[PDB]
>>> print(open('query01.cif').read())   # mmCIF, N, CA and C atoms
data_input
loop_
_atom_site.label_atom_id
_atom_site.label_comp_id
_atom_site.auth_asym_id
_atom_site.auth_seq_id
_atom_site.Cartn_x
_atom_site.Cartn_y
_atom_site.Cartn_z
N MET A 1 -156.90 -73.68 2.56
CA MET A 1 -156.43 -74.77 1.67
C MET A 1 -155.01 -75.16 2.03
N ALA A 2 -154.76 -76.46 2.10
CA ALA A 2 -153.49 -77.01 2.56
C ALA A 2 -152.28 -76.40 1.85
N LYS A 3 -151.50 -75.64 2.60
CA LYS A 3 -150.19 -75.19 2.15
C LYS A 3 -149.16 -75.53 3.19
N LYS A 4 -148.14 -76.22 2.76
CA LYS A 4 -146.97 -76.42 3.59
C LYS A 4 -145.74 -76.17 2.75
N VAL A 5 -145.49 -74.92 2.40
CA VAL A 5 -144.40 -74.57 1.50
C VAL A 5 -143.07 -74.72 2.21
N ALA A 6 -142.21 -75.54 1.64
CA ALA A 6 -140.88 -75.72 2.19
C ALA A 6 -139.91 -74.85 1.42
N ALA A 7 -140.19 -74.69 0.13
CA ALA A 7 -139.35 -73.85 -0.73
C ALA A 7 -139.98 -73.55 -2.08
N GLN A 8 -139.15 -73.01 -2.96
CA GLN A 8 -139.56 -72.69 -4.31
C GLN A 8 -138.40 -72.96 -5.24
N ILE A 9 -138.69 -73.60 -6.35
CA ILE A 9 -137.67 -73.97 -7.30
C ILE A 9 -137.99 -73.37 -8.65
N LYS A 10 -137.65 -72.13 -8.93
CA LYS A 10 -137.94 -71.58 -10.24
C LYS A 10 -136.91 -72.09 -11.23
N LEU A 11 -137.37 -72.43 -12.42
CA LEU A 11 -136.54 -73.10 -13.41
C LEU A 11 -137.07 -72.80 -14.79
N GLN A 12 -136.22 -72.42 -15.69
CA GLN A 12 -136.60 -72.29 -17.08
C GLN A 12 -136.26 -73.59 -17.80
N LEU A 13 -137.29 -74.33 -18.17
CA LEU A 13 -137.11 -75.72 -18.58
C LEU A 13 -137.78 -76.02 -19.88
N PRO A 14 -137.06 -76.74 -20.72
CA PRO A 14 -137.56 -77.17 -22.01
C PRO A 14 -138.81 -78.02 -21.88
N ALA A 15 -139.87 -77.54 -22.50
CA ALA A 15 -141.08 -78.28 -22.63
C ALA A 15 -140.80 -79.51 -23.43
N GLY A 16 -141.19 -80.65 -22.87
CA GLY A 16 -140.86 -81.93 -23.44
C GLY A 16 -139.40 -82.32 -23.24
N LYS A 17 -138.63 -81.51 -22.51
CA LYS A 17 -137.18 -81.73 -22.41
C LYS A 17 -136.57 -81.33 -21.06
N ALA A 18 -137.31 -81.40 -19.95
CA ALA A 18 -136.72 -81.12 -18.63
C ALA A 18 -135.89 -82.30 -18.17
N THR A 19 -134.86 -82.04 -17.38
CA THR A 19 -134.02 -83.12 -16.89
C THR A 19 -132.94 -82.57 -15.95
N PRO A 20 -132.71 -83.36 -14.89
CA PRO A 20 -131.70 -83.21 -13.82
C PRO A 20 -130.30 -82.79 -14.22
N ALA A 21 -130.16 -82.14 -15.36
CA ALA A 21 -128.96 -81.41 -15.66
C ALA A 21 -128.76 -80.36 -14.54
N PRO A 22 -127.63 -79.62 -14.52
CA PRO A 22 -127.40 -78.57 -13.52
C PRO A 22 -128.67 -77.76 -13.14
N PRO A 23 -129.53 -77.38 -14.13
CA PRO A 23 -130.87 -76.86 -13.88
C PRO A 23 -131.64 -77.53 -12.74
N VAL A 24 -132.04 -78.75 -13.01
CA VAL A 24 -133.11 -79.39 -12.28
C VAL A 24 -132.66 -80.15 -11.05
N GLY A 25 -131.72 -81.06 -11.28
CA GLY A 25 -131.22 -81.95 -10.23
C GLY A 25 -130.82 -81.21 -8.97
N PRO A 26 -129.78 -80.36 -9.03
CA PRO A 26 -129.37 -79.53 -7.91
C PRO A 26 -130.49 -78.65 -7.39
N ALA A 27 -131.25 -78.03 -8.28
CA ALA A 27 -132.37 -77.20 -7.86
C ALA A 27 -133.31 -77.96 -6.92
N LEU A 28 -134.13 -78.81 -7.52
CA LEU A 28 -135.14 -79.55 -6.78
C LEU A 28 -134.55 -80.57 -5.80
N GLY A 29 -133.58 -81.34 -6.28
CA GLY A 29 -133.01 -82.43 -5.50
C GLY A 29 -132.38 -81.96 -4.20
N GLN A 30 -131.70 -80.82 -4.26
CA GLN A 30 -131.12 -80.23 -3.05
C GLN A 30 -132.22 -79.90 -2.05
N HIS A 31 -133.41 -79.66 -2.53
CA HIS A 31 -134.51 -79.34 -1.63
C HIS A 31 -135.36 -80.58 -1.39
N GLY A 32 -134.77 -81.73 -1.73
CA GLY A 32 -135.31 -83.01 -1.33
C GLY A 32 -136.37 -83.53 -2.26
N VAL A 33 -136.57 -82.81 -3.33
CA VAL A 33 -137.66 -83.12 -4.22
C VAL A 33 -137.34 -84.25 -5.20
N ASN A 34 -138.36 -85.05 -5.54
CA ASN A 34 -138.26 -86.07 -6.57
C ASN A 34 -138.16 -85.43 -7.95
N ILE A 35 -136.94 -85.30 -8.43
CA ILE A 35 -136.65 -84.74 -9.75
C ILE A 35 -137.38 -85.48 -10.85
N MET A 36 -137.44 -86.78 -10.67
CA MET A 36 -138.17 -87.59 -11.63
C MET A 36 -139.66 -87.37 -11.56
N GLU A 37 -140.22 -87.30 -10.37
CA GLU A 37 -141.60 -86.88 -10.28
C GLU A 37 -141.77 -85.54 -10.97
N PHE A 38 -140.93 -84.57 -10.64
CA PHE A 38 -140.98 -83.30 -11.32
C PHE A 38 -140.90 -83.41 -12.85
N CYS A 39 -139.83 -84.04 -13.30
CA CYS A 39 -139.55 -84.22 -14.72
C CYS A 39 -140.68 -84.98 -15.40
N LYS A 40 -141.13 -86.10 -14.84
CA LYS A 40 -142.18 -86.84 -15.51
C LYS A 40 -143.45 -86.02 -15.49
N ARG A 41 -143.52 -85.11 -14.53
CA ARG A 41 -144.64 -84.18 -14.50
C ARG A 41 -144.50 -83.10 -15.58
N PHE A 42 -143.46 -82.27 -15.45
CA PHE A 42 -143.27 -81.13 -16.33
C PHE A 42 -143.26 -81.57 -17.78
N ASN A 43 -142.52 -82.64 -18.03
CA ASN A 43 -142.38 -83.14 -19.41
C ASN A 43 -143.73 -83.50 -19.99
N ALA A 44 -144.47 -84.32 -19.26
CA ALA A 44 -145.77 -84.74 -19.75
C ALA A 44 -146.74 -83.56 -19.90
N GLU A 45 -146.70 -82.62 -18.96
CA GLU A 45 -147.58 -81.45 -19.01
C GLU A 45 -147.20 -80.52 -20.15
N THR A 46 -145.91 -80.42 -20.37
CA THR A 46 -145.38 -79.47 -21.33
C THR A 46 -145.24 -80.07 -22.70
N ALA A 47 -145.70 -81.30 -22.82
CA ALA A 47 -145.65 -82.08 -24.05
C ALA A 47 -146.14 -81.30 -25.26
N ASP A 48 -147.17 -80.48 -25.02
CA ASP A 48 -147.84 -79.73 -26.08
C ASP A 48 -147.09 -78.48 -26.43
N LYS A 49 -146.51 -77.82 -25.44
CA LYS A 49 -145.79 -76.60 -25.62
C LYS A 49 -144.30 -76.91 -25.76
N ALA A 50 -144.03 -78.16 -26.14
CA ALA A 50 -142.68 -78.71 -26.29
C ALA A 50 -141.80 -77.91 -27.25
N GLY A 51 -140.50 -78.02 -27.03
CA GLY A 51 -139.53 -77.29 -27.84
C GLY A 51 -139.24 -75.96 -27.21
N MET A 52 -139.60 -75.86 -25.94
CA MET A 52 -139.65 -74.50 -25.37
C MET A 52 -139.04 -74.38 -23.99
N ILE A 53 -138.10 -73.46 -23.79
CA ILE A 53 -137.61 -73.14 -22.46
C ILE A 53 -138.73 -72.47 -21.64
N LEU A 54 -139.51 -73.27 -20.92
CA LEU A 54 -140.65 -72.75 -20.16
C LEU A 54 -140.19 -72.07 -18.88
N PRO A 55 -140.66 -70.85 -18.61
CA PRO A 55 -140.39 -70.17 -17.34
C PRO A 55 -141.22 -70.77 -16.19
N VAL A 56 -140.67 -71.71 -15.41
CA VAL A 56 -141.43 -72.45 -14.40
C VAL A 56 -141.22 -71.88 -13.00
N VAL A 57 -142.15 -72.15 -12.11
CA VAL A 57 -141.98 -71.84 -10.71
C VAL A 57 -142.43 -73.01 -9.85
N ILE A 58 -141.56 -73.56 -9.06
CA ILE A 58 -141.93 -74.72 -8.31
C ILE A 58 -142.11 -74.33 -6.88
N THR A 59 -143.08 -74.91 -6.28
CA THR A 59 -143.31 -74.69 -4.90
C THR A 59 -143.34 -76.01 -4.19
N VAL A 60 -142.26 -76.41 -3.54
CA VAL A 60 -142.16 -77.68 -2.85
C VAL A 60 -142.62 -77.56 -1.43
N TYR A 61 -143.36 -78.54 -0.99
CA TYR A 61 -143.93 -78.53 0.31
C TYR A 61 -143.13 -79.35 1.31
N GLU A 62 -143.53 -79.21 2.55
CA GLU A 62 -142.92 -79.84 3.71
C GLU A 62 -142.78 -81.35 3.57
N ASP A 63 -143.65 -81.95 2.77
CA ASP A 63 -143.65 -83.41 2.63
C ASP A 63 -142.53 -83.87 1.71
N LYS A 64 -141.93 -82.90 1.01
CA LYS A 64 -141.09 -83.14 -0.16
C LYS A 64 -141.97 -83.26 -1.38
N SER A 65 -143.25 -83.03 -1.13
CA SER A 65 -144.24 -82.92 -2.15
C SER A 65 -144.00 -81.62 -2.89
N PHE A 66 -144.68 -81.35 -3.97
CA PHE A 66 -144.56 -80.07 -4.61
C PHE A 66 -145.61 -79.93 -5.66
N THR A 67 -145.50 -78.82 -6.34
CA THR A 67 -146.34 -78.41 -7.42
C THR A 67 -145.50 -77.38 -8.12
N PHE A 68 -145.90 -76.97 -9.28
CA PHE A 68 -145.19 -75.96 -10.01
C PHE A 68 -146.09 -75.39 -11.05
N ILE A 69 -145.74 -74.21 -11.48
CA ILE A 69 -146.53 -73.48 -12.43
C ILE A 69 -145.61 -73.08 -13.54
N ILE A 70 -146.15 -72.72 -14.68
CA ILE A 70 -145.36 -72.41 -15.83
C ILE A 70 -145.93 -71.16 -16.44
N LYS A 71 -145.13 -70.11 -16.48
CA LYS A 71 -145.63 -68.81 -16.87
C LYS A 71 -145.74 -68.71 -18.37
N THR A 72 -146.86 -69.19 -18.86
CA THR A 72 -147.23 -68.92 -20.23
C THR A 72 -147.09 -67.41 -20.50
N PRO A 73 -145.96 -67.01 -21.12
CA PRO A 73 -145.45 -65.63 -21.05
C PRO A 73 -146.24 -64.64 -21.90
N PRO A 74 -145.90 -63.32 -21.80
CA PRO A 74 -146.57 -62.22 -22.50
C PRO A 74 -147.24 -62.63 -23.81
N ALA A 75 -146.47 -63.14 -24.79
CA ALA A 75 -147.08 -63.63 -26.03
C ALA A 75 -146.09 -64.37 -26.93
N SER A 76 -144.80 -64.07 -26.80
CA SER A 76 -143.76 -64.60 -27.70
C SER A 76 -143.92 -66.10 -27.94
N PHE A 77 -144.18 -66.80 -26.85
CA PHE A 77 -144.34 -68.25 -26.83
C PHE A 77 -145.28 -68.75 -27.93
N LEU A 78 -146.55 -68.42 -27.81
CA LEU A 78 -147.55 -68.98 -28.69
C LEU A 78 -147.64 -68.18 -29.98
N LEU A 79 -147.00 -67.02 -29.99
CA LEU A 79 -146.89 -66.26 -31.22
C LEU A 79 -145.90 -66.95 -32.15
N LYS A 80 -144.98 -67.71 -31.59
CA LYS A 80 -144.19 -68.64 -32.40
C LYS A 80 -145.16 -69.60 -33.08
N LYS A 81 -146.02 -70.18 -32.24
CA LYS A 81 -147.10 -71.10 -32.65
C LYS A 81 -148.22 -70.42 -33.48
N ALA A 82 -147.88 -69.43 -34.28
CA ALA A 82 -148.91 -68.63 -34.98
C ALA A 82 -148.32 -67.68 -36.03
N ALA A 83 -147.51 -66.82 -35.53
CA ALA A 83 -146.84 -65.83 -36.40
C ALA A 83 -146.01 -66.57 -37.44
N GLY A 84 -145.59 -67.75 -37.08
CA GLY A 84 -144.88 -68.58 -38.03
C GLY A 84 -143.42 -68.27 -38.00
N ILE A 85 -142.84 -68.45 -36.83
CA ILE A 85 -141.50 -68.00 -36.53
C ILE A 85 -140.94 -68.89 -35.44
N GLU A 86 -141.38 -70.15 -35.50
CA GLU A 86 -140.90 -71.22 -34.64
C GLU A 86 -139.45 -71.59 -35.02
N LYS A 87 -138.92 -70.78 -35.91
CA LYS A 87 -137.59 -70.93 -36.47
C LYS A 87 -137.29 -69.65 -37.24
N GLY A 88 -138.27 -69.23 -38.04
CA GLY A 88 -138.18 -67.98 -38.76
C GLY A 88 -138.88 -68.06 -40.10
N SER A 89 -139.12 -66.92 -40.73
CA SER A 89 -139.64 -66.91 -42.09
C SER A 89 -138.52 -67.27 -43.06
N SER A 90 -138.88 -67.62 -44.29
CA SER A 90 -137.90 -68.04 -45.28
C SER A 90 -137.00 -66.87 -45.70
N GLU A 91 -137.60 -65.69 -45.77
CA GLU A 91 -136.90 -64.48 -46.19
C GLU A 91 -137.83 -63.26 -46.05
N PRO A 92 -139.10 -63.35 -46.52
CA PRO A 92 -140.11 -62.31 -46.31
C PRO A 92 -140.05 -61.68 -44.92
N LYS A 93 -139.61 -60.43 -44.87
CA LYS A 93 -139.50 -59.67 -43.63
C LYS A 93 -139.57 -58.18 -43.96
N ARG A 94 -140.77 -57.70 -44.27
CA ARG A 94 -140.98 -56.28 -44.56
C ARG A 94 -141.05 -55.49 -43.25
N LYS A 95 -140.16 -55.85 -42.33
CA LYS A 95 -140.13 -55.35 -40.96
C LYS A 95 -141.09 -56.17 -40.14
N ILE A 96 -142.21 -56.51 -40.77
CA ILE A 96 -143.13 -57.45 -40.19
C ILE A 96 -142.74 -58.87 -40.58
N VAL A 97 -141.99 -59.51 -39.72
CA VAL A 97 -141.45 -60.85 -39.99
C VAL A 97 -142.54 -61.83 -40.45
N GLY A 98 -143.57 -61.94 -39.64
CA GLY A 98 -144.70 -62.79 -39.93
C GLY A 98 -145.86 -62.32 -39.10
N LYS A 99 -147.03 -62.90 -39.31
CA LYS A 99 -148.24 -62.30 -38.81
C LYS A 99 -149.26 -63.33 -38.48
N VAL A 100 -150.29 -62.82 -37.90
CA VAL A 100 -151.37 -63.55 -37.34
C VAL A 100 -152.57 -62.67 -37.46
N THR A 101 -153.40 -62.73 -36.49
CA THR A 101 -154.76 -62.28 -36.67
C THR A 101 -155.37 -62.12 -35.31
N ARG A 102 -156.21 -61.12 -35.18
CA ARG A 102 -156.85 -60.80 -33.91
C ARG A 102 -157.35 -62.06 -33.19
N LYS A 103 -157.99 -62.98 -33.94
CA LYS A 103 -158.46 -64.25 -33.39
C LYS A 103 -157.31 -65.06 -32.77
N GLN A 104 -156.21 -65.11 -33.49
CA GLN A 104 -155.03 -65.81 -33.02
C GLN A 104 -154.57 -65.18 -31.71
N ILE A 105 -154.51 -63.85 -31.72
CA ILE A 105 -154.28 -63.06 -30.51
C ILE A 105 -155.11 -63.60 -29.34
N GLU A 106 -156.42 -63.67 -29.59
CA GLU A 106 -157.43 -64.13 -28.63
C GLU A 106 -157.05 -65.45 -27.98
N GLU A 107 -156.84 -66.46 -28.81
CA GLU A 107 -156.50 -67.80 -28.34
C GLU A 107 -155.30 -67.76 -27.40
N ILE A 108 -154.20 -67.27 -27.93
CA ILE A 108 -152.99 -67.00 -27.16
C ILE A 108 -153.34 -66.25 -25.87
N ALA A 109 -154.07 -65.17 -26.02
CA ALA A 109 -154.55 -64.39 -24.89
C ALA A 109 -155.30 -65.24 -23.87
N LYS A 110 -156.12 -66.18 -24.37
CA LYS A 110 -156.98 -66.99 -23.52
C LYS A 110 -156.16 -67.98 -22.72
N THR A 111 -155.34 -68.75 -23.42
CA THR A 111 -154.54 -69.80 -22.80
C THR A 111 -153.65 -69.26 -21.67
N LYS A 112 -153.13 -68.04 -21.82
CA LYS A 112 -152.21 -67.47 -20.85
C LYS A 112 -152.91 -66.45 -19.97
N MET A 113 -154.24 -66.52 -19.97
CA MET A 113 -155.07 -65.67 -19.12
C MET A 113 -154.61 -65.67 -17.65
N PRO A 114 -154.30 -66.86 -17.05
CA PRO A 114 -153.90 -66.92 -15.64
C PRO A 114 -152.59 -66.20 -15.37
N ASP A 115 -151.77 -66.11 -16.41
CA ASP A 115 -150.44 -65.54 -16.29
C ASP A 115 -150.45 -64.04 -16.52
N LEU A 116 -151.07 -63.67 -17.63
CA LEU A 116 -151.17 -62.26 -18.04
C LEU A 116 -152.00 -61.45 -17.04
N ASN A 117 -152.52 -62.16 -16.06
CA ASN A 117 -153.30 -61.57 -14.97
C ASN A 117 -154.52 -60.86 -15.53
N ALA A 118 -155.24 -61.59 -16.36
CA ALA A 118 -156.35 -61.02 -17.10
C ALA A 118 -157.61 -60.91 -16.26
N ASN A 119 -158.06 -59.68 -16.04
CA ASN A 119 -159.39 -59.44 -15.48
C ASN A 119 -160.42 -59.91 -16.49
N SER A 120 -160.15 -59.59 -17.74
CA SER A 120 -160.99 -59.97 -18.86
C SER A 120 -160.08 -60.14 -20.07
N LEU A 121 -160.40 -61.11 -20.90
CA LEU A 121 -159.60 -61.46 -22.07
C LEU A 121 -159.28 -60.28 -22.99
N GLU A 122 -160.18 -59.32 -23.09
CA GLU A 122 -159.91 -58.08 -23.83
C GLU A 122 -158.59 -57.46 -23.39
N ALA A 123 -158.32 -57.56 -22.10
CA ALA A 123 -157.03 -57.09 -21.61
C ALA A 123 -155.90 -57.98 -22.12
N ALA A 124 -156.04 -59.30 -21.95
CA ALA A 124 -155.00 -60.22 -22.40
C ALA A 124 -154.74 -60.05 -23.90
N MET A 125 -155.80 -59.82 -24.66
CA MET A 125 -155.70 -59.58 -26.10
C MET A 125 -154.77 -58.40 -26.40
N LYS A 126 -154.82 -57.39 -25.55
CA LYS A 126 -153.97 -56.22 -25.68
C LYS A 126 -152.52 -56.62 -25.53
N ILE A 127 -152.24 -57.39 -24.50
CA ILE A 127 -150.91 -57.88 -24.27
C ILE A 127 -150.34 -58.54 -25.53
N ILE A 128 -151.01 -59.61 -25.93
CA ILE A 128 -150.63 -60.41 -27.10
C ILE A 128 -150.41 -59.53 -28.30
N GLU A 129 -151.43 -58.77 -28.65
CA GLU A 129 -151.36 -57.87 -29.76
C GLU A 129 -150.16 -56.95 -29.62
N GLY A 130 -149.98 -56.37 -28.43
CA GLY A 130 -148.94 -55.38 -28.25
C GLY A 130 -147.57 -56.00 -28.33
N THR A 131 -147.43 -57.12 -27.63
CA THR A 131 -146.26 -57.97 -27.75
C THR A 131 -145.97 -58.19 -29.24
N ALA A 132 -146.95 -58.79 -29.94
CA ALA A 132 -146.85 -59.04 -31.39
C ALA A 132 -146.39 -57.80 -32.15
N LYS A 133 -147.09 -56.69 -31.93
CA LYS A 133 -146.75 -55.42 -32.55
C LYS A 133 -145.27 -55.09 -32.35
N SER A 134 -144.80 -55.18 -31.12
CA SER A 134 -143.42 -54.87 -30.80
C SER A 134 -142.46 -55.87 -31.45
N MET A 135 -142.93 -57.11 -31.60
CA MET A 135 -142.11 -58.17 -32.17
C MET A 135 -142.06 -58.16 -33.69
N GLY A 136 -142.67 -57.19 -34.36
CA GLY A 136 -142.64 -57.16 -35.81
C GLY A 136 -143.67 -58.08 -36.40
N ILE A 137 -144.65 -58.45 -35.60
CA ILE A 137 -145.72 -59.31 -36.06
C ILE A 137 -147.00 -58.55 -36.27
N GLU A 138 -147.56 -58.70 -37.44
CA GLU A 138 -148.78 -58.02 -37.75
C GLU A 138 -149.98 -58.89 -37.33
N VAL A 139 -151.13 -58.27 -37.11
CA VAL A 139 -152.36 -59.02 -36.91
C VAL A 139 -153.31 -58.69 -38.05
N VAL A 140 -153.91 -59.71 -38.66
CA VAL A 140 -154.76 -59.49 -39.82
C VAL A 140 -156.08 -60.22 -39.82
N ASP A 141 -156.94 -59.79 -38.95
CA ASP A 141 -158.38 -59.69 -39.25
C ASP A 141 -159.12 -59.28 -37.99
#
>>> encode(input="query01.cif", output="structure tokens")
Amino acid sequence: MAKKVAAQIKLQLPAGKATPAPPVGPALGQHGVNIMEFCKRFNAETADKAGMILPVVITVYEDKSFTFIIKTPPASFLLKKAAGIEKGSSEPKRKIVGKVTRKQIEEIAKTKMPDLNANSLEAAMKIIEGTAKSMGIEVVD
């Protein structure tokens, strides 16, 4: 399969909010890459996971072409989107700040399957759950 890797541009970038600030411009642009192609790409792709410093990895090719991936991380990311801590709880924090549910675990586990390096989702579920557990997040059902 066609690979002509010229470089790699790893970048932690706001979902829905990437831009040629010191992050992007110097990173990709120095390697000849269309920052706007990148940005209009990452932004549109990350539209859903917006509000988020996404851990990205760019792989620019010989053409000045590129592609990039975004490491849908251990679980913290979408556990915000579940545990209910996209900012924080109002006050309730019995050590368990907020919580979710095995099913919620699953979904999160599923979406980040490519990242968590899941042989099988049961494994990814462990990650999410364990992450959650460590983060003071309970799972309830």
>>> residues_around(input="query01.cif", residues="residue 54 of chain A", least_positions_apart="4", cutoff="6 Å", atoms="only C-alpha atoms", output="number ranges by chain")
A: 12-14
>>> atom_distance(input="query01.cif", atom1="atom C of residue 29 of chain A", atom2="atom CA of residue 6 of chain A")
12.3 Å
>>> residues_around(input="query01.cif", residues="residue 128 of chain A", least_positions_apart="3", cutoff="6.5 Å", atoms="only N, CA and C atoms", output="PyMOL selection string")
chain A and resi 74-75+105+109+123-125+131-133
>>> write_last_selection(input="query01.cif", atoms="N, CA and C atoms", output="PDB file, in the frame of the given file")
ATOM      1  N   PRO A  74    -145.900 -63.320 -21.800  1.00  0.00           N
ATOM      2  CA  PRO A  74    -146.570 -62.220 -22.500  1.00  0.00           C
ATOM      3  C   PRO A  74    -147.240 -62.630 -23.810  1.00  0.00           C
ATOM      4  N   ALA A  75    -146.470 -63.140 -24.790  1.00  0.00           N
ATOM      5  CA  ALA A  75    -147.080 -63.630 -26.030  1.00  0.00           C
ATOM      6  C   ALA A  75    -146.090 -64.370 -26.930  1.00  0.00           C
ATOM      7  N   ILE A 105    -154.510 -63.850 -31.720  1.00  0.00           N
ATOM      8  CA  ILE A 105    -154.280 -63.060 -30.510  1.00  0.00           C
ATOM      9  C   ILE A 105    -155.110 -63.600 -29.340  1.00  0.00           C
ATOM     10  N   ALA A 109    -154.070 -65.170 -26.020  1.00  0.00           N
ATOM     11  CA  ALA A 109    -154.550 -64.390 -24.890  1.00  0.00           C
ATOM     12  C   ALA A 109    -155.300 -65.240 -23.870  1.00  0.00           C
ATOM     13  N   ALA A 123    -158.320 -57.560 -22.100  1.00  0.00           N
ATOM     14  CA  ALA A 123    -157.030 -57.090 -21.610  1.00  0.00           C
ATOM     15  C   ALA A 123    -155.900 -57.980 -22.120  1.00  0.00           C
ATOM     16  N   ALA A 124    -156.040 -59.300 -21.950  1.00  0.00           N
ATOM     17  CA  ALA A 124    -155.000 -60.220 -22.400  1.00  0.00           C
ATOM     18  C   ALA A 124    -154.740 -60.050 -23.900  1.00  0.00           C
ATOM     19  N   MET A 125    -155.800 -59.820 -24.660  1.00  0.00           N
ATOM     20  CA  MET A 125    -155.700 -59.580 -26.100  1.00  0.00           C
ATOM     21  C   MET A 125    -154.770 -58.400 -26.400  1.00  0.00           C
ATOM     22  N   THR A 131    -147.430 -57.120 -27.630  1.00  0.00           N
ATOM     23  CA  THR A 131    -146.260 -57.970 -27.750  1.00  0.00           C
ATOM     24  C   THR A 131    -145.970 -58.190 -29.240  1.00  0.00           C
ATOM     25  N   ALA A 132    -146.950 -58.790 -29.940  1.00  0.00           N
ATOM     26  CA  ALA A 132    -146.850 -59.040 -31.390  1.00  0.00           C
ATOM     27  C   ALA A 132    -146.390 -57.800 -32.150  1.00  0.00           C
ATOM     28  N   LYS A 133    -147.090 -56.690 -31.930  1.00  0.00           N
ATOM     29  CA  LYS A 133    -146.750 -55.420 -32.550  1.00  0.00           C
ATOM     30  C   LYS A 133    -145.270 -55.090 -32.350  1.00  0.00           C
TER      31      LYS A 133
END
>>> residues_around(input="query01.cif", residues="residue 45 of chain A", least_positions_apart="4", cutoff="7 Å", atoms="all atoms listed in the file", output="mmCIF file with N, CA and C atoms, in the coordinates of the input")
data_model
loop_
_atom_site.group_PDB
_atom_site.id
_atom_site.type_symbol
_atom_site.label_atom_id
_atom_site.label_comp_id
_atom_site.auth_asym_id
_atom_site.auth_seq_id
_atom_site.Cartn_x
_atom_site.Cartn_y
_atom_site.Cartn_z
ATOM 1 N N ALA A 15 -139.870 -77.540 -22.500
ATOM 2 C CA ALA A 15 -141.080 -78.280 -22.630
ATOM 3 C C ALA A 15 -140.800 -79.510 -23.430
ATOM 4 N N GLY A 16 -141.190 -80.650 -22.870
ATOM 5 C CA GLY A 16 -140.860 -81.930 -23.440
ATOM 6 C C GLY A 16 -139.400 -82.320 -23.240
ATOM 7 N N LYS A 40 -141.130 -86.100 -14.840
ATOM 8 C CA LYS A 40 -142.180 -86.840 -15.510
ATOM 9 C C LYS A 40 -143.450 -86.020 -15.490
ATOM 10 N N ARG A 41 -143.520 -85.110 -14.530
ATOM 11 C CA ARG A 41 -144.640 -84.180 -14.500
ATOM 12 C C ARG A 41 -144.500 -83.100 -15.580
ATOM 13 N N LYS A 49 -146.510 -77.820 -25.440
ATOM 14 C CA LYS A 49 -145.790 -76.600 -25.620
ATOM 15 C C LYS A 49 -144.300 -76.910 -25.760
#
>>> resolve_selection(input="query01.cif", expression="the PyMOL selection byres ((chain A and resi 102) around 5)", output="VMD selection string")
chain A and resid 100 to 101 103 to 106 139 to 141
>>> residues_around(input="query01.cif", residues="residue 135 of chain A", least_positions_apart="6", cutoff="7 Å", atoms="only N, CA and C atoms", output="list in words")
residues 95, 96 and 97 of chain A
>>> closest_residue(input="query01.cif", among="A:90, A:138, A:127, A:64", to="residue 76 of chain A", atoms="only N, CA and C atoms")
A:127
>>> atom_distance(input="query01.cif", atom1="atom N of residue 69 of chain A", atom2="atom CA of residue 122 of chain A")
24.8 Å
>>> build_atoms(input="query01.cif", residues="segment 23-32 of chain A", atoms="N, CA, C and O atoms", output="short mmCIF file (atom, residue, chain, number, x, y, z; two decimals), keeping the file's coordinate frame")
data_model
loop_
_atom_site.label_atom_id
_atom_site.label_comp_id
_atom_site.auth_asym_id
_atom_site.auth_seq_id
_atom_site.Cartn_x
_atom_site.Cartn_y
_atom_site.Cartn_z
N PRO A 23 -129.53 -77.38 -14.13
CA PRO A 23 -130.87 -76.86 -13.88
C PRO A 23 -131.64 -77.53 -12.74
O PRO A 23 -131.83 -76.96 -11.67
N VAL A 24 -132.04 -78.75 -13.01
CA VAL A 24 -133.11 -79.39 -12.28
C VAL A 24 -132.66 -80.15 -11.05
O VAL A 24 -133.13 -79.91 -9.94
N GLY A 25 -131.72 -81.06 -11.28
CA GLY A 25 -131.22 -81.95 -10.23
C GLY A 25 -130.82 -81.21 -8.97
O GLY A 25 -131.44 -81.40 -7.93
N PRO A 26 -129.78 -80.36 -9.03
CA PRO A 26 -129.37 -79.53 -7.91
C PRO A 26 -130.49 -78.65 -7.39
O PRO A 26 -130.65 -78.51 -6.18
N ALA A 27 -131.25 -78.03 -8.28
CA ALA A 27 -132.37 -77.20 -7.86
C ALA A 27 -133.31 -77.96 -6.92
O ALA A 27 -133.30 -77.77 -5.70
N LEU A 28 -134.13 -78.81 -7.52
CA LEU A 28 -135.14 -79.55 -6.78
C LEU A 28 -134.55 -80.57 -5.80
O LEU A 28 -134.97 -80.65 -4.65
N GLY A 29 -133.58 -81.34 -6.28
CA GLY A 29 -133.01 -82.43 -5.50
C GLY A 29 -132.38 -81.96 -4.20
O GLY A 29 -132.52 -82.62 -3.17
N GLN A 30 -131.70 -80.82 -4.26
CA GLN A 30 -131.12 -80.23 -3.05
C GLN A 30 -132.22 -79.90 -2.05
O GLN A 30 -131.97 -79.87 -0.84
N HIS A 31 -133.41 -79.66 -2.53
CA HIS A 31 -134.51 -79.34 -1.63
C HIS A 31 -135.36 -80.58 -1.39
O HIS A 31 -136.49 -80.51 -0.91
N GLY A 32 -134.77 -81.73 -1.73
CA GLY A 32 -135.31 -83.01 -1.33
C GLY A 32 -136.37 -83.53 -2.26
O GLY A 32 -136.98 -84.56 -2.01
#
